[PDB]
Amino acid sequence: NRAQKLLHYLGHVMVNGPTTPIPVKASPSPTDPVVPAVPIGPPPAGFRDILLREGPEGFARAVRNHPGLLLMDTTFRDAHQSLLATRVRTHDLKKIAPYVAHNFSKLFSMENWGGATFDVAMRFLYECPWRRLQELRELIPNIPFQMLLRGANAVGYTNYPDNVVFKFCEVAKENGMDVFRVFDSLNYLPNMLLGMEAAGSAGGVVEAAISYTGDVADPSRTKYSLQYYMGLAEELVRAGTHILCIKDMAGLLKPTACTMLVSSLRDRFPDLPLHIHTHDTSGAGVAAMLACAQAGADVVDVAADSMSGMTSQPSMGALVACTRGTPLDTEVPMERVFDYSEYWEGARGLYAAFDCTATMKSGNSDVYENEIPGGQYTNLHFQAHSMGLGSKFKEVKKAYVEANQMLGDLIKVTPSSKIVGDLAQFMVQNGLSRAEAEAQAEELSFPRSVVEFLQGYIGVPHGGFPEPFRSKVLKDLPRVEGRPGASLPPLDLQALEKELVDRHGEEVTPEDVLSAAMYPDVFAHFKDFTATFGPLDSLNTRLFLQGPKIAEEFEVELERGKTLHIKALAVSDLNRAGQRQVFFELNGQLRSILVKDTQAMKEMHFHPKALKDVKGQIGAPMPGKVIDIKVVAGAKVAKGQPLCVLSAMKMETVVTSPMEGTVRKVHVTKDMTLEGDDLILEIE
Amino acid sequence: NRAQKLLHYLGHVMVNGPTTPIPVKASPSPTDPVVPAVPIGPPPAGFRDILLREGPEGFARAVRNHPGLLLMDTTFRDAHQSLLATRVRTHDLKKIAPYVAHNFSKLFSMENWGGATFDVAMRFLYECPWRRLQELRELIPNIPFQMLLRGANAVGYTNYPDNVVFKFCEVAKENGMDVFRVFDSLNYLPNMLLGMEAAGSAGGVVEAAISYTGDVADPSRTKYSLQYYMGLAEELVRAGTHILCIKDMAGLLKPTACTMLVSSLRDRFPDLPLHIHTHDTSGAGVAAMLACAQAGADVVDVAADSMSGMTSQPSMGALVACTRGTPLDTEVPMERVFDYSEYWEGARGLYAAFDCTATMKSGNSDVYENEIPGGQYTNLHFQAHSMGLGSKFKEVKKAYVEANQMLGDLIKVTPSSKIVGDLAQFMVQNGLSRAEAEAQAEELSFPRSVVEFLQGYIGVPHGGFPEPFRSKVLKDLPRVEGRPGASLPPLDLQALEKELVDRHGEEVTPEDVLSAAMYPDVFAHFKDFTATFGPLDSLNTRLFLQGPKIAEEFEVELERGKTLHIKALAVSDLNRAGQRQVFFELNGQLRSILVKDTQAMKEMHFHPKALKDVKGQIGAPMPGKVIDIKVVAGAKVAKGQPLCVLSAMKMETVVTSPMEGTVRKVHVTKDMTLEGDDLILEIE
Amino acid sequence: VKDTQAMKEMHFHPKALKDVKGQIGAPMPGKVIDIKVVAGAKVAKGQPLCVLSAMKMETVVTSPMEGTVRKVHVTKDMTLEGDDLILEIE
Ligand SMILES: *C(=O)CCCC[C@@H]1SC[C@@H]2NC(=O)N[C@@H]21
Ligand SMILES: *C(=O)CCCC[C@@H]1SC[C@@H]2NC(=O)N[C@@H]21
């Protein structure tokens, strides 16, 4: 059967708390979001047909030829981490897919998977990424999706073997995947080269992204000048791609800056589709976006109205309304935008237990001084809270700038961002200043990631990095030179198939093998946890995390025909070893399950008891307060010789050594009231 | 005395809840806002020197001649109702005035007084608005203050005597008030004519505002054409003012629309300093502000970063950072902006008992549909929850456009927005659709304010209002045409002064006389409360609303030399009549005070007791169950005759007639247990 | 009136005083994965002696100085707090 595992899970959730940690103490709202009405006929024709009947170059040419603007929706990947800790299930997701696939045909592409997507899909949420992605392609055979990838490290935080990344990309493309993004935390050209090589090997639309940092309109800003970016862009275009892109992880683009940048790019490449990605944090994102989109841009990322603002992308509504009496002519019925926003607003309160609003009330400025990535801040606050330093979270970001100067002005998105975050964590944890930390950085132990970065497991930064600190930290450590990926010894995964199989594998797929190759520890942990309690993501989100409330009936599905009707009566109490019995209702049956409570620890220690099997052992005849001791440990004792006096209230008994010899040790402190029959001392 | 009154207030707060209504049940964080450091020197000279040295026309010319632009802070007026219910005390407010006076001298002006500032200062806050203003100028002798005033109603919601408005303006100008904004929700010209006449009577800078509603770039929008607004502005400037503003509560300024408007108006008036103000609700406001501030704007309204965006005005940080290398040349040290914003962020958590983040999560689209004004939405939700309709508060707004249609496309800011909201409230609580509500508008009792408006007390709209509905509602009520402000008989404020004095006044002031003149009821309530618990507005905000916690000491300053210490001991229990005894540490002594509890309801019921002196009254001899009643009320009874039978456990008792006489009432009734000495029968 | 029902609660967790260089305090809180050195053993300088684990980050303890350790307080597989006396270097 299968019901027993999930029933046990429900009972455990009732007895214990939610398995996943709770950042902020709250409860899900008692409101179900309203699903907008959907038609019946097949979804309209989008762009999957166009790329189907053409090549990536032909499709890109057709897109470029279009007069107007095409929009990117990141509400399925980026808004997650921007507004939450990316905890959204898939069960809630598979409720608007028919609507958008029918309603939205003009939309360019949708981003669902991303970097920090699988590291939670099994670690905190317990699901399979390939499974859910498989369940969406049939729902939307209309609009291409888009993968976010890093250059060297495929999904992980350290550069993976080149063959591994290649075969991973090949499998991902074989999954029916359409559009791919190539990116690197640094400007390490071999990293992007390897990424695009893997993308071309997979075969399909290839887009690379350039990070942005600092100012290009500021003459004082000189480390990353315009001509620096020009060289980067020209090198990448000589490498040859399909579509270019620009990243604004912090939302630092002023309108003048990006419009002059676009003028420069579109000047020398007046054929290439141009795409932008930004995070609206400073609050001026929409203005610059629209300005330097009217300038020369072609594609724009945008988040849903309810999932907008703060740090996420700007909204549907503002862009649609502004681009109305313009030649760009977005031309999208905003009523469907309205109902989409209403559904999302309804859905937000479900995960309201954790949110940036409780900490971050309104969009804060000074991000220029902080340069904290938008997709990182919520997870940073959560990890600080789980660390216990969530109280002094403001001081944490205060120390972040000093760590930036420790590593110098560098571009940080996924890996180095959290590297600086962890270094600042150490900084604030030790409560030490910047200068002397620079001074006595030799003996001071540093987190493993800092050592990895200093060794060079990622690549060379554009501007290099200080030597003396690296010598002070690495000291005697071997240091990686050249490309880490090429220097990395390629390894086979075929043996891992059989290892997984004969350990616990009887249906393991190559996707699962690759997942184990990525994160074997948490992979096996998720596998065993799922095997214990059966499959999840078949129930309501509040039902998943909060569980059913007492004395109510609810329904749960298993497949198309397997849908149940479940009610709960009450719970027993701790019977004899911290165990509970709870009583569920089937469609017509009554069930009783046992749950082992975890809140019963009951740690109690006692003075050693004298065991009667050992004749040498001496026990306390009467409980009471010890008056005096006549024999010290390791001293000779005569037969029937007084050694202790006991007196509780009325009776006084003097304990004598019943056998001749010497003692080993006395368990008496001369000043404790000790109960009878206790191992006061022993006789050889 | 004052100490006893405040101690009594604290005890009452401990026993009961907060006196003011609580929308959302929460508590402020136990953290104090960080006050940034201030220098020691006197504040510099900004524009107050110009105003005291030049005239309003000379000052306006000097402002206009400035190269660049000037900036507005609205955190002290507009942000209040934007994100709160304007419940901010002056206690926290008076802690940054020294900072800004020494730091910020480039601000064109500061807005502190507002339309919804006096009412809250009476009803839900117990302070004196004149008093609070009478310390603010003492802290800021550097920046002119600004105030938004309505024509027909000075601060109220109905027409007021012209004498009252003239006297109010004169008093305010005498107070030292600097900048005056004249505006009316309707474009009823005589209203603004009277307002500007009053402003000129006061003597000083006169500024007028024009609401922007609808689309000017839309050819379909015809009800208020560009030439409609052009004629409005033409006749305004024909009246003769100093500065013009464009009001946008809904925040619906397209960049193209506002830039073409500014260009068109500037061409015909290349002398007028331009003021602009809007509410960033849709999220695209800042784009339009940058565009048509580059075009021709001179003065720009901005809200602080911590209370920025969402539904409020845009932020300091975005404008300062974006316009750095620009001939507009903001020229503001952004370093102090950061601490200014962080103080507000810290203070925001203090008022966590009610905030839009509970309900309105992110800035929503569809504002073009509901067209609800910005700063009033929070109060709408609060009042709906007060009615209990805040549960289904969504249904309230979805019915608002229907009420607008009933009244036709009209301009609504303060009064008529309220009228449409009340109409929607009545509709939704009655469950009335469009055709259903309009079908029977005769028998249905419409709210009072609806009749007030349908009369035409405010004035005739631009295009009139439907006649069939007005006939079906007003029936045969008196109908007033023309300007009711002139039609209103002038009223004498002199005798009312003596009335309020010999009622409860002893040394009242003309400010208080006026305050009672507009609002006498709440003025009386405020005076009664102040005489009850003494002078308030010296408490910490959390102390004011929560009160002292037990086993905690703190310091409260009453006067400059009158500062003392308070600590809490404990609380007693209900002694006999819902009274509690609470003990306080003095600076070195102890005090005890009694508080009458309110949650103690005591009642008496059930059968009464037979009175001994009344021999005719017959009482139950034993406690037991009524079995049978021998005699029915109204029948003759003989001496020594059975009356009733009582049986409890084995005791059978038959009640004999004490006398010979007819029975009048059967107090014993039937089949209800009665104990001994209870009136069963009465004999006269 | 002094209550006799205090019942003070114990916590163990020895504290490494920073002024005592010999004492070693945990830079991070959390559970210990492995310890490379037994008590009373000779260790190098800048050498791996203990491994400390957190939720998603890892730090390896560095030898404070060149000497022989004296006592190991934490043995294996318990969660520690910030600056916990675990080892002493001599
Ligand atoms: C922990 O569950 C994984 C999310 C935290 C790491 C992610 S990875 C991509 C972002 N960049 C960063 O530094 N943290 C985020
Ligand atoms: C009731 O407490 C008074 C607050 C509501 C009135 C204010 S006045 C100005 C705004 N316009 C409106 O209709 N309500 C707001």
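We number chain A the way Swiss-Prot does; in order, the residues shown are 495-1178.
Backbone N, Cα and C atoms are what each Cβ position is placed from, and that goes for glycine too.
Annotation source Swiss-Prot lists substrate binding site at A:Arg571, A:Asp572, A:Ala573, A:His574, A:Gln575, A:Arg644, A:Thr908. Under the DSSP three-state reduction, A:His574 (substrate binding site) is assigned to helix.
Under the heading Mn(2+) binding site, Swiss-Prot lists A:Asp572, A:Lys741, A:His771, A:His773. Mapped onto three states, the DSSP output places A:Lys741 (Mn(2+) binding site) in strand.
Among the features that Swiss-Prot reports, domain 'Pyruvate carboxyltransferase' is placed at A:563-832, with the record citing sequence analysis.
Summarising the annotation, Swiss-Prot assigns domain 'Biotinyl-binding' to A:1109-1178.
According to Swiss-Prot, the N6-acetyllysine annotation covers A:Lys589 (among others). Long-range neighbours of A:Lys589 (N6-acetyllysine) (same chain, six or more residues apart, CB within less than 8 Å of its CB): A:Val529.
The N6-acetyllysine annotation in Swiss-Prot covers A:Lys661 (among others), and the record cites similarity to another entry as its basis. All protein chains shown were included, and the count of other CB atoms within 10 Å of the CB of A:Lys661 (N6-acetyllysine) stands at 19.
Within the same chain, the residues at least 6 positions away from A:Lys741 (Mn(2+) binding site) whose Cβ sits under 8 Å from its Cβ are A:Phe677, A:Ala703, A:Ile704, A:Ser705, A:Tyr706, A:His771, A:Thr772, A:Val907, listed in sequence order. Positions annotated as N6-carboxylysine by Swiss-Prot, on the basis of experimental evidence: A:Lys741.
Secondary structure at A:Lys748 (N6-acetyllysine), taken from DSSP and collapsed to helix, strand or coil, is coil. Annotated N6-acetyllysine per Swiss-Prot: A:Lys748 (among others), in sequence order, evidence recorded as similarity to another entry.
Under DSSP, A:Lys892 (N6-acetyllysine) is assigned to a helix (H, G or I) in the three-state scheme. According to Swiss-Prot, the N6-acetyllysine annotation covers A:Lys892 (among others).
Taken from Swiss-Prot, the feature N6-acetyllysine applies to A:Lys969 (among others), supported by similarity to another entry. Listed in sequence order, the residues of the same chain lying 6 or more apart from A:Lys969 (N6-acetyllysine) and placing their CB within less than 8 Å of its CB are A:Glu936. Following the DSSP three-state reduction, the secondary structure of A:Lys969 (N6-acetyllysine) is coil.
Around the Cβ of A:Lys992 (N6-acetyllysine), 12 further Cβ atoms fall within 10 Å across all displayed protein chains. Residues or ranges marked as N6-acetyllysine in Swiss-Prot: A:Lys992 (among others).
DSSP gives A:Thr1003 (phosphothreonine) a coil state; it is part of no helix or strand. Here Swiss-Prot flags A:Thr1003 as phosphothreonine.
DSSP assigns A:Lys1061 (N6-acetyllysine) to a strand. Residues or ranges marked as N6-acetyllysine in Swiss-Prot: A:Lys1061 (among others).
Reduced to three states, the DSSP call for A:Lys1090 (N6-acetyllysine) is strand. Sequence-distant neighbours of A:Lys1090 (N6-acetyllysine) (same chain, 6+ apart, CB under 8 A from its CB) are A:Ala1071, A:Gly1072, A:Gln1073. The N6-acetyllysine annotation in Swiss-Prot covers A:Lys1090 (among others).
Counting every protein chain shown, the Cβ of A:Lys1124 (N6-acetyllysine) has 15 other Cβ atoms within 10 Å. Positions annotated as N6-acetyllysine by Swiss-Prot: A:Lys1124 (among others).
Annotation comment: Swiss-Prot describes A:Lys1144 as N6-biotinyllysine. For the recorded site, A:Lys1144 (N6-biotinyllysine), the DSSP three-state label reads coil.
Sorting the recorded positions A:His574, A:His771, A:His773, A:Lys1144 by the number of other Cβ atoms within 10 Å puts A:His773 first. Over all protein chains present, the Cβ of A:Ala573 (substrate binding site) has 25 other Cβ atoms lying within 10 Å. Just so you know, the Cβ of A:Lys1061 (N6-acetyllysine) picks up 16 other Cβ atoms within 10 Å once every protein chain is counted. Packing around A:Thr1003 (phosphothreonine) is summarised by its Cβ count: 12 other Cβ atoms lie within 10 angstroms of its Cβ, all protein chains included. Chain C comes within the C-beta cut-off of under 8 angstroms for the following of the recorded positions A:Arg644, A:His773, A:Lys969: A:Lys969. Among the recorded positions listed (A:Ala573, A:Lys589, A:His771, A:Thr908, A:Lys1124), A:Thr908 have a CB atom closer than 6 Å to some atom of ligand 1, in sequence order.
Considering only the recorded positions A:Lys748, A:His773, A:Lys1061, A:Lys1124, the residue whose Cα is spatially closest to the Cα of A:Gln575 (substrate binding site) is A:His773.
Counting every protein chain shown, the Cβ of A:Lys748 (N6-acetyllysine) has 26 other Cβ atoms within 10 Å.
Closest in space to A:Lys1061 (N6-acetyllysine), of the binding-site residues given as A:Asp572, A:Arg644, A:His773, A:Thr908, is A:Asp572, taking the CA atom of each residue.
Each of the recorded positions A:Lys741, A:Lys748, A:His771, A:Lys969 was checked for a CB under 8 angstroms from a CB of chain B; the ones meeting this are A:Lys748. Proximity of A:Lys892 (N6-acetyllysine) to non-local residues of its own chain (separation of 6 or more, Cβ distance below 8 Å) is seen for A:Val922, given in sequence order.
Taking Cβ-Cβ distances under 8 Å and a sequence separation of 6 or more, the neighbours of A:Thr908 (substrate binding site) in its chain are A:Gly609, A:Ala610, A:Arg644, A:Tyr651, A:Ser679.
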